[PDB]
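S.K.: return atomic coordinates for the entry below.
(chains A, B, C and D, ligands or ions: 12)
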Number of protein chains: 4
Amino acid sequence: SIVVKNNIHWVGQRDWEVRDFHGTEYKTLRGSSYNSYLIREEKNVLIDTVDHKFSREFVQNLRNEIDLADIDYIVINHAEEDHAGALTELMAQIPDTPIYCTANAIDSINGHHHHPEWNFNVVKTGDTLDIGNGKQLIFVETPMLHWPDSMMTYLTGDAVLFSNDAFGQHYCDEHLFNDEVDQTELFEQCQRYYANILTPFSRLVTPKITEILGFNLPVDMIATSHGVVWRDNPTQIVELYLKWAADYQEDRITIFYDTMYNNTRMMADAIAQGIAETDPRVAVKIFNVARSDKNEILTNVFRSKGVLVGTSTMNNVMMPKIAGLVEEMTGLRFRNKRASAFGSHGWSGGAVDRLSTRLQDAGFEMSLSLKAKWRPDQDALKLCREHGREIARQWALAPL
Amino acid sequence: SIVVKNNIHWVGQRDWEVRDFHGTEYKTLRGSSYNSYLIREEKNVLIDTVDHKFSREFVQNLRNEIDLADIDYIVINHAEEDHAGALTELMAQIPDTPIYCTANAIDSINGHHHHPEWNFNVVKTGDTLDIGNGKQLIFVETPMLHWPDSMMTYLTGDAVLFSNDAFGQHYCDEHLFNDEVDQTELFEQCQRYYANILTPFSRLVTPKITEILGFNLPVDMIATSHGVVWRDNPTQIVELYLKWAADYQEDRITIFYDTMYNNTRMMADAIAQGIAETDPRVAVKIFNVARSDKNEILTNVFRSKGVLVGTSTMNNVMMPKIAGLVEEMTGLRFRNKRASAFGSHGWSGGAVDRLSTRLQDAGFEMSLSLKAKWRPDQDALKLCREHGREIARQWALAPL
Amino acid sequence: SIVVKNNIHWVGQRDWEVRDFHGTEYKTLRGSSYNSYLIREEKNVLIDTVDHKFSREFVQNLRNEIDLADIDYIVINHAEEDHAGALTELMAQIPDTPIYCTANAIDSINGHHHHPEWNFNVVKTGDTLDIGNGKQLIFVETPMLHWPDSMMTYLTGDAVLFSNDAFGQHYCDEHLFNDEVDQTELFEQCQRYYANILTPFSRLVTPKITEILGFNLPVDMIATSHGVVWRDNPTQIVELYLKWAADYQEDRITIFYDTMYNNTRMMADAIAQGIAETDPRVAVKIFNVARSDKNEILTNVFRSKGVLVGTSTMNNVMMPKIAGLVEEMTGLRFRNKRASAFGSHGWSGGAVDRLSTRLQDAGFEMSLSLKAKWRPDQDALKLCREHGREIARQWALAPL
Amino acid sequence: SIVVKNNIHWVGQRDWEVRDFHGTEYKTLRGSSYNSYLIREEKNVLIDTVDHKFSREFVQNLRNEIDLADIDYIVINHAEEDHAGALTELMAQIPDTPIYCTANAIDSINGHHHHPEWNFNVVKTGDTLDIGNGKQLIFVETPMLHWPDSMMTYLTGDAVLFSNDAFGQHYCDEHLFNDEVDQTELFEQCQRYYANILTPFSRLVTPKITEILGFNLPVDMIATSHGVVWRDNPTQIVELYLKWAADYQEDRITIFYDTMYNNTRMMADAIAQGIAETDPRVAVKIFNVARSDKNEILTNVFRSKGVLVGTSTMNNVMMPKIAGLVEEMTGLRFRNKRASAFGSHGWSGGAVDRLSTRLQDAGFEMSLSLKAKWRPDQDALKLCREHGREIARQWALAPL
Ligand SMILES: Cc1cc2nc3c(=O)[nH]c(=O)nc-3n(C[C@H](O)[C@H](O)[C@H](O)COP(=O)(O)O)c2cc1C
Ligand SMILES: Cc1cc2nc3c(=O)[nH]c(=O)nc-3n(C[C@H](O)[C@H](O)[C@H](O)COP(=O)(O)O)c2cc1C
Ligand SMILES: Cc1cc2nc3c(=O)[nH]c(=O)nc-3n(C[C@H](O)[C@H](O)[C@H](O)COP(=O)(O)O)c2cc1C
Ligand SMILES: Cc1cc2nc3c(=O)[nH]c(=O)nc-3n(C[C@H](O)[C@H](O)[C@H](O)COP(=O)(O)O)c2cc1C
Ligand SMILES: [Fe+3]
Ligand SMILES: [Fe+3]
Ligand SMILES: [Fe+3]
Ligand SMILES: [Fe+3]
Ligand SMILES: [Fe+3]
Ligand SMILES: [Fe+3]
Ligand SMILES: [Fe+3]
Ligand SMILES: [Fe+3]
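M.R.: Numbers count the residues shown, from 1 in each chain, chains lettered A, B, ... in the order given. Ligands and ions are numbered 1, 2, ... in the order given. The structure is reproduced below:
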C-alpha cells in the first residue's frame, strides 16, 4: 500500500497491461489503475474496491494492511465492475459490515451481486459519517456523473475529496501523485477520458461543481478511482473540467473516413489542402477509421469546431465503420459543432446524403455535402479543394 | 502461365498473403487469386487483368508469354481494381490496342484511369468477336451482377465461359482446377463470397442464368476471375447460385451481440439453451461481434432462417459495432428472415427498441424484444431461456 | 446440464467467445468448452471443473444440480486453470471434500491455489474408487500427456473414459456428442490441437495407449475436458492420435516467411513454382507469418514432410517473427522433417545462414540454403524456381 | 507544393494512414511523410522521390510544378522504396535524365529497378554540382547511416542540408516546418525513430557530424526525407542525435515479459515494487509484449539504464514473442545496459537460463536471474520484491 496523507492509505491496484475498457470501445494505451482507499482513524473506512480481475489480490493485500474484521464502514461511491468488482469476494469475509452509498447504488449493487441481504446505508448530499479524532466523511450526490449511483466522499481535516471517476484518468504509473508523473501524458489521458466518457453529461458538470464550491470545503487533495492523486494545485483538473464542459472546441477541424479504393481518401486530402490555404488558424487532423484508434478520433472531434466525414456508397448504404462511429457520436452528443459529409460513388450513390442526415441526427449543424464519381481527376480534386475553402470561410471563428 | 484448355492460357496472379478486400470489410483468410486469360488462335485475345499490386509482374509475365504488340484484342468483363488495376501499365505499352467492354464499362474504366483516348468497343448481349480457326467470342451483359459494367465472355468450340466475378471465390492454391483442391474449403469460400457480396443482387441472378441457359451454349469449363477453374461438373456452382439466390435459408438461428460486462452475453447463452431444448432441428451459432470474424457472422446470417441481435444501452444508443453491422445488413438486403432484439440496460435503456427498429429497416420480420436489467439472476435467466423457447416455436419450419 | 450416459451429467461450460489460450499463443477461432462431469450413484463424484472466468457460474450451476454437501469425491485429472480454475471457489463451500489426483497434481494444485490443508488422495495406475451400484472409478496415470500431473479416470459398467485433455479439441457447439456436429470442423480442431500442443509428447502417446488397451476395458464413450463427447465410434480419435504420433507427415511442403519489401516473398512464390512443376504430387502452402494465423502455419508444418523458411537480413539478424516461430518449433520438436532456409539481403547478409542453423537446432534435416540480393530479377527468379526443383527431387517420397 | 526557401519547393507526399513500415516491424501511429524537393535555379534539380504507393500522384504533381523535360538532374541520397519507389515511373518519362548518387546506390538502385542503362553519376564527399546563380550542390557520403548508399546533399547560398533519413521522423502534419507543429509529438517521433532504427549505427553518428562541422558550412535549414523541415534552431535535432548516439540512457528501468497465466506478471509487478522502494530516482515501465506496442518497448529500452525480461517455460523453451524481441535487440546492439532474466516454471523449467544467455548475446551485462514455481505466494513475492531491491542497489548510478 501507499500513504496518501496521514492515515489515508492507497490499497488499490495498478494495471500495466489493460488495453480494453467497455468491451472494446475504450482503448487504454497507457494502462490504468483502480484506486481504493483505507482510512484508519478511530473508525476504519474502506472507500471503493478494484476491478474484478484483481479481486483475490485486493482482499489479500487488504489483509496485510488490516484485519478485515476491524473494518467498520465500507463506502461505495460507484458500483461499476472496475470499482465494485471485488466487493462480493470481500463481503464473503465480512458480510455484516455496513455499506454507505446512494439510493441508486442499492439498485446497481444488487443488480450485479444479487446480495440484497447486505446492510446498506442510503446517503444523500450533506450527510455525515464520523470516523473519530475530529474528522468526518461528507457525502455529495452526483447523479449521472457519469452514472445514476455516482457520488463523492469528502474527508474533513485532511481535506481530501474522494471523487471516484470524476477528475480521473486511465494512466498507470509507479508514482501516485500528479506532480510525480509526465504532465503531457497525464493531460492526454485526462482529455481522452472526458471526451470519450463524460461528453454527454457536460450540462451537469458545471452546476454540480458550482454546488460543491458553495459548500466551502477546503481541498488539499483529490483522490480519484483511476490514475494519479491530485495534490499539487489539485483544482487544475477541476478547471479543465469546467473548460471541457462548456461545449469545448478549438480552432480545429477533424476529417475522418473509410474507403475501399482510396477515392474518398483523395477527396479527404484535397479538402484539407483547401482549408489550410484559406485559414492558417485552423488545425487539421485526418484519420482512416479502419486504420486508426477510434478514441483518438473522438478526442479530436471533441477538440474540433467542426468535422468532415467521408464514406463511399456500399450496397446503397454507408460503410459500417462510419455508421458505427456516427451512432456513437449520437450518444456522446457533441455541441456547437458543424459538419459536412463527403465521399465517392460508382453510379446512383446515396451514402453521402444518408451520412449527412445521420450527422444532423447526432447534433451537428450541417453544411453542403461534397460528392464525386469514381477516382477524382485533376478537375475533380479542384472541386474538393474548393470545398475545403468554402468550409474554412464558413466555419471561421473570425473574419479572413 | 498455366494451360486452361488448348490455346487458353491462365496468365493471372496468386495472392497467398491478402487478408483485406473492400477496405477491411471482406477478410480473405485463405488468400485469393486474380485470373487473367490469354487466348491464342488466329487472333490473340487478353481477357481481364489482375490487381494493382501485381501490375508490374503481370506485364512482365505477359511479355514472357507473348510479344505485347501481337495482342489483337483486350476484353474487360469488369473494370474493378482487382481486375483492371494493371490496365494502365499495360496500355502504356500498347495504347492502340482495342478494348471490348460494356457501355457502362467505358464510364468505369475512364472513371479510374482517366484515359478516354483509348479505343473502346461497346458490346452488348449476342455480339460476336471472331478470333479465327472456327472459334468466336460471345458477349453476355450482366448489369448489377455485381456491378453495372459487369458482363461475361463465352468462347465457342472450347466451350469456356469467362464469367469474371460470377461463380468465383477468394481461394489461393497452386492447383488451378476445382477437382484438384479441397472441396470443403472450396465450398466455404464460395458461400462466403456470395453471402457477403452477391446477396443484395439475388433477384437478378435467376433471370440472368435462365436467359443464358436459353442461348443453348455448351459449357465445358467456367473460368472466373477469382480462384479455381470449374472443369469437373462445372454447372455445380451454377446450381449453388440458383439455390443461394432464392432467399436461401436453413433450419438455423444466428445470435450475435456486443457486450461490456457480459450481461448481454449471459442473455445470449440463455436464449440459445431455450431454443435447443424446444426445437432440436435448429442449428445455433453465437458470436461476439467485437471478438469474431464479421464476414463469418454474415455468412451464418445468410444461412439462417432467423437471427437474434444483442446490445447494451450505451449513452442512450446501441453499441457501435452492432450499429455498423446492422447498417451493412441493410445494404445486403436479406430476405424471408425474422429477427428479435435483446440486451441489458442500467436505467432508462432504449438501445434494444432502437435496435429492433433498425433491424426492421434492414428487412427482418420482427418478433418481440427481450430486455433485462444489469446482470441477469436465476429468475431473469429463466425469462431469457423462455424467450428462446417462444422464438423457437414461432420460427419453426414445421410443427413441434 | 446434459445427460452423458445414465447417471453421468455434463456440468461444464461453453465458451463461444474465447479466442486466446496460453496467453496469445493458441487461437481458438471456433471457441471452446470446459467439460466437467457429475456422477450420481451411491456416491456423488465430480470430475474436473472449468475455467476461472466461469467460476461463479460453475458453482451456481452445480448447486442447481445437487446440494454441494452431497458431493462425496472430487477427481482432478489435470490441474490447469481451464480445468481447476473454479476449484478454489468450490472448495470454499466444501473444504472437507476429498480430492483424488496424481502425486504431481498435489504440487500443481498447491502451486496455484495455495491451500495445502485440503484433503488430497494420491492415486496411481490401477487404483480404484468405489461409487456404489456395482460401479467403480479406475485411475490411469499419463505423465507428460501433456502435463506431469495428467491422468485419466475410467468408469466401469458405463464404460466411460474421462480422458481430460487427451482426445479433446477446442470446439464450441450446443450439441455435446461427436455425431451431432460438423465432422470437418471437428477434424480440423482436433488436428489443430494435437499439432500445436501434443506434438512434442508424441513418443509417449503410443506406449500409453498400448498400455490402456492391455487393460481390456470396454470403451463406450470418451468424455474429454474440451469439446465433444465421443460416443459414436469413439475409437476413431484414438486411431488419429496413433497416426499423428508416428512422426506424422503427408506429401506436403509448407513455405513461410516474413518480408519488408516482398523480395523474400518473390523468392517464396518462385520456389513453389519449381516444386509444383517437378513433383505434382506435393501439396504446397505459403504463409506470411506477419499476416497469417500462427497456429495454422504450425498445423501445416505438422502435416508437411518438409518446410522452407524465408527471412531478410535485418540489422545483421533475422526478422523477429521468424525468430519467434523457430523458437516455438524448437520446443514442439518436429520429427523426420527436412528444411531449407532462404531470403533476400542488401549487402553482407547473414540472416539466412543464421536461420538455417536454428532450423537445424529445431530438429530439421537441413538442405542447401537459397540467397538473393535485393529484388530478384528474371534470372534470379530462375534460380529460385530451380531451387524449388532441387528441393522437390530431394524430398521426394517416391521417384518422379 | 510548398515553398521551403526561395526556389526550393517541397514536392513530397503526406501519409495520414500509414501504420506499418518494414513489414510490420515499425508502427507509425502518427502517420508519416515522404519529402521530395525541387530546386529551380539556372538548372532544375529533383532530390529524392516518394513511396511507391504514391507514384502516380508524385509524377502528376511534379508535372503541375514543372515540365518533366526541364528537369536537369536527379539526386538520390538513398535508394529505399520510400524514397526511390516512384523512380521507375518518373524515369519512364525522362530516361536520359542523369542520376547523381553514391557508388553503393548504383547497386541498390539497379538492385530494385533493374534499369542499369540509366545514366548514373557516382559522387563522393566534397564533389560539387553547379546549378547556377552562384549556387552549387555539395555531396557528403554517410555510409551505413543508415544504409551503405546513404548520403546527404548540401545547397550553398540557401544553406539547406538535405539529410534524407537523418534527423527525420515519421510524423504527418499539414504544416511543414518544425516551429509549426506540436513539439512534444515531434520529440516522441524523433526519439522513436532513432531508437528503433539508428541505434546500431550510433558509433558512426558522432564522427560523421564532427566531419560535417569541419566543413564550416552554414546551416539555415535541414530538409529531411521524413516529417518536418527544421528551420527554427535546426541544430536542436543534431544535438539530440549527439546525445542519443553516446550510448544514451536515463535513470530508468524497463520491464517486459510474456505470460500464459499471469504468474510471470505477478513476478514483474513485485520486482517493480522492490525497485521503487529502494531507489525512488529510478523510473520504471512495465510492458506485456503480447499486449503492447513493440516499438514503444524498444524506445523505453533505449532510454533505460537496464532491463528485466520475463518469460515462462513453454515446451522447454521460451515464449516466442520474447524470443523474437531478444533477436531484434541483438541486431539493435544496445550499449552500456544491464539485464536480468526472470519467469515462472512448472517443473524442470530452463527458459529463464535460456533467456539470460540470449540477453548476454544481445550485449547486456547480466545480473542474477529470478526463478519461481507456478503462482508466487506471499513468501515467493517477497523474494521477487527482494530481487528488485538487489537489482536497484546494483544498477544505481549513485549511492542510495
Ligand atoms: C462492394 C461494393 C459495393 C458498392 N456499392 C455501390 C452502390 O451501391 N452504389 C454506387 O453508386 N456505387 C457502389 N460501389 C462503387 C463505389 O462506391 C465506387 O467504387 C467508389 O467511387 C469508391 O469509393 P472509395 O474508393 O472511396 O471507397 C460499390 C463498390 C463496392 C466495392
Ligand atoms: C459507457 C456506458 C454507458 C452507459 N449508458 C447507459 C444508458 O445510456 N442507459 C442505461 O440504461 N444504461 C447505460 N449503461 C449501463 C449498461 O447498459 C448496463 O451496465 C448493462 O446492464 C450492461 O450491459 P452489457 O454488460 O451486456 O454490455 C451504460 C454503461 C456504460 C459503461
Ligand atoms: C531496417 C533494415 C535493416 C537492414 N539490415 C540489413 C543488414 O543488416 N544486412 C543486409 O545485407 N541488408 C540489410 N537490409 C537490406 C535488406 O536485407 C534488403 O532490402 C532485402 O533485399 C529486402 O528483403 P525483403 O524485401 O524480403 O524483406 C536492411 C533493410 C532494412 C529496411
Ligand atoms: C503449453 C505449456 C507448456 C509448458 N511447458 C513447460 C515446460 O516445458 N517446463 C516447465 O517447467 N513448465 C512448463 N509449463 C508450465 C508453466 O511453465 C507454468 O504454468 C508457469 O508457472 C506459468 O507461467 P506464466 O503464467 O507466467 O505464463 C508449460 C505450460 C503450458 C501451458
Ligand atoms: Fe465508471
Ligand atoms: Fe472507472
Ligand atoms: Fe468485383
Ligand atoms: Fe473481384
Ligand atoms: Fe492442459
Ligand atoms: Fe485443457
Ligand atoms: Fe531508409
Ligand atoms: Fe525513410
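S.K.: and residue A:124, how many neighbours does it have?
M.R.: 11 (other C-beta atoms under 10 Å in any protein chain shown). No exception for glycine: its C-beta is placed from N, CA and C like everyone else's.
S.K.: doesn't residue A:138 make contact with it?
M.R.: No: counting by C-beta atoms under 8 Å, residue A:124 stays clear of residue A:138, with 11.2 Å between them.
S.K.: which one is the closest residue to ligand 3 within the stretch 151-300 of chain A nearest to, not counting chain neighbours?
M.R.: Residue of the stretch 151-300 of chain A nearest ligand 3, by C-beta to the nearest ligand atom: residue A:291 (21.6 Å). Closest residue in space to residue A:291, ignoring its immediate chain neighbours: residue D:17 at 5.2 Å, by C-beta to C-beta, 6 or more residues apart in numbering or on different chains.
S.K.: then residue A:39?
M.R.: In space, residue A:39 is closest to residue A:45, 4.5 Å off (C-beta to C-beta, 6+ apart).
S.K.: residue A:71 versus the one you found, what's the distance?
M.R.: Distance of residue A:45 to residue A:71, computed by C-beta to C-beta, to the nearest Å: 8 Å.
S.K.: wait, what's in contact with residue A:360?
M.R.: Residue A:360 sits next to A:339, A:366 when contact means C-beta atoms under 8 Å, 6 or more residues apart in numbering or on different chains.
S.K.: pretty sure it belongs to a helix, no?
M.R.: Yes: secondary structure of residue A:360 (DSSP: H, G, I helix; E, B strand; the rest coil): part of a helix.
S.K.: CA atoms of the helix or strand hosting the residue nearest to residue A:39 as PDB?
M.R.: Using DSSP states H and E, residue A:45 sits in strand A:44-47. The C-alpha trace of strand A:44-47 is given here as PDB (Å, rounded to 0.1, in the frame of the first residue of the first chain):
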ATOM      1  CA  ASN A  44     -11.700   2.200   9.800                       C
ATOM      2  CA  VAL A  45     -13.200   3.000   6.500                       C
ATOM      3  CA  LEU A  46     -12.700   1.400   3.100                       C
ATOM      4  CA  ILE A  47     -13.600   3.500   0.100                       C
END
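S.K.: could you point out which element follows it?
M.R.: helix A:55-65.
S.K.: quick one: distance of the helix or strand following that next one to the chain centre.
M.R.: Downstream of helix A:55-65, the first helix or strand assigned by DSSP H and E is strand A:73-75. With C-alpha atoms, centre = their mean, to the nearest Å as the basis, strand A:73-75 stands 26 Å off its chain's centre.
S.K.: ok, now stretch A:181-194?
M.R.: Taking C-alpha atoms, centre = their mean, one finds stretch A:181-194 lying 11 Å from the centre of the chain it belongs to.
S.K.: likewise for stretch A:116-131?
M.R.: 27 Å.
S.K.: straight-line length of that stretch, end to end?
M.R.: 26 Å (C-alpha to C-alpha, to the nearest Å).
S.K.: ok, residue A:354 - contacts?
M.R.: A:317, A:318.
S.K.: so is it in a helix, a strand, or just coil?
M.R.: Going by three-state DSSP: residue A:354 is helix.
S.K.: so what's the closest residue to ligand 5 within the stretch 201-350 of chain A closest to, chain neighbours aside?
M.R.: In the stretch 201-350 of chain A, the residue that lies nearest ligand 5 is residue A:225 (7.6 Å; C-beta to the ion). Excluding the flanking residues, the one nearest residue A:225 by C-beta to C-beta, 6+ apart is residue A:164, at 4.6 Å.
S.K.: what of residue A:193?
M.R.: Going by C-beta to C-beta, 6+ apart, residue A:193 has residue A:169 as its nearest residue, at 4.8 Å.
S.K.: how close does that neighbour sit to residue C:33?
M.R.: From residue A:169 to residue C:33 the distance is 39 Å (C-beta to C-beta).
S.K.: the helices in the stretch 51-200 of chain A, which residues?
M.R.: A:55-65, A:81-84, A:87-91, A:103-113, A:183-193 (DSSP state H, counting those that start in this stretch).
S.K.: flag every buried residue along the strand holding residue A:45.
M.R.: The neighbour-count check on strand A:44-47 (16 or more other C-beta atoms under 10 Å in any protein chain shown) flags A:44, A:45, A:46, A:47 as buried.
S.K.: now stretch A:272-291
M.R.: A:272-276, A:278-279, A:282-291.
S.K.: same check on stretch A:369-379?
M.R.: Of the residues in stretch A:369-379, those buried (16+ other C-beta under 10 Å) are A:369, A:370, A:371, A:372, A:373, A:374, A:375, A:376, A:377.
S.K.: what's the closest of these to ligand 3?
M.R.: residue A:375 (28.8 Å).
S.K.: show me what contacts the closest residue in space to residue A:265 that isn't next to it in sequence?
M.R.: Distances taken as C-beta to C-beta, 6+ apart put residue A:259 closest to residue A:265, at 4.7 Å, once the chain neighbours are dropped. Neighbouring residues of residue A:259 by C-beta under 8 Å, 6+ apart: A:265, A:288, A:310, A:312, A:319, A:344, B:23.
S.K.: also residue A:277?
M.R.: Counting by C-beta under 8 Å, 6+ apart, residue A:277 has contacts residue A:389.
S.K.: from ligand 4, how far out is it?
M.R.: Distance from residue A:277 to ligand 4, counting by C-beta to the nearest ligand atom, to the nearest Å: 55 Å.
S.K.: also residue A:88?
M.R.: Counting by C-beta to the nearest ligand atom, the gap from residue A:88 to ligand 4 is 25 Å.
S.K.: for ligand 5, see how far away the nearest residue to that residue once chain neighbours are set aside is.
M.R.: Using C-beta to C-beta, 6+ apart and skipping residues adjacent in sequence, the residue nearest residue A:88 is residue A:113, 5.2 Å away. According to C-beta to the ion, to the nearest Å, residue A:113 stands 16 Å off from ligand 5.
S.K.: touching, residue A:113 and residue A:85? I think so.
M.R.: No: Residue A:113 lies out of contact with residue A:85 (C-beta under 8 Å); the separation is 9.7 Å.
S.K.: so which of the two has more stuff around it?
M.R.: residue A:85 (22 against 18).
S.K.: just read off the phi/psi values of that one.
M.R.: phi -70, psi -30 (degrees, to the nearest 10).
S.K.: residues near the closest residue to it other than its chain neighbours, how many?
M.R.: Spatial nearest neighbour of residue A:85, excluding adjacent residues (C-beta to C-beta, 6+ apart): residue A:52 at 3.1 Å. Look at residue A:52: counted by other C-beta under 10 Å, it has 19 neighbours.
S.K.: same question for the one 10 residues further on.
M.R.: As a burial measure, residue A:62 scores 22 neighbours (other C-beta under 10 Å).
S.K.: any idea how far ligand 7 is from it?
M.R.: Residue A:62 is 61 Å from ligand 7, by C-beta to the ion.
S.K.: for ligand 2, what's its nearest residue on the stretch 51-200 of chain A.
M.R.: At 6.4 Å from ligand 2, residue A:197 is the closest residue in the stretch 51-200 of chain A, using C-beta to the nearest ligand atom.
S.K.: that residue: what's it in contact with?
M.R.: Taking C-beta under 8 Å, 6+ apart, one finds A:26, A:146, A:165 in contact with residue A:197.
S.K.: repeat that for residue A:201.
M.R.: A:144, A:145, A:146.
S.K.: closest one to residue C:304 out of those residues, please.
M.R.: Nearest to residue C:304 among those, counting by C-beta to C-beta, is residue A:146 at 54.5 Å.
S.K.: wait, that closest one touches residue A:199, no?
M.R.: No: the criterion here is C-beta under 8 Å, and residue A:146 misses it with residue A:199 at 9.8 Å.
S.K.: so between these two, which is more surrounded?
M.R.: The residue with more neighbours, out of residue A:146 and residue A:199, is residue A:199; 24 against 21, by other C-beta under 10 Å.
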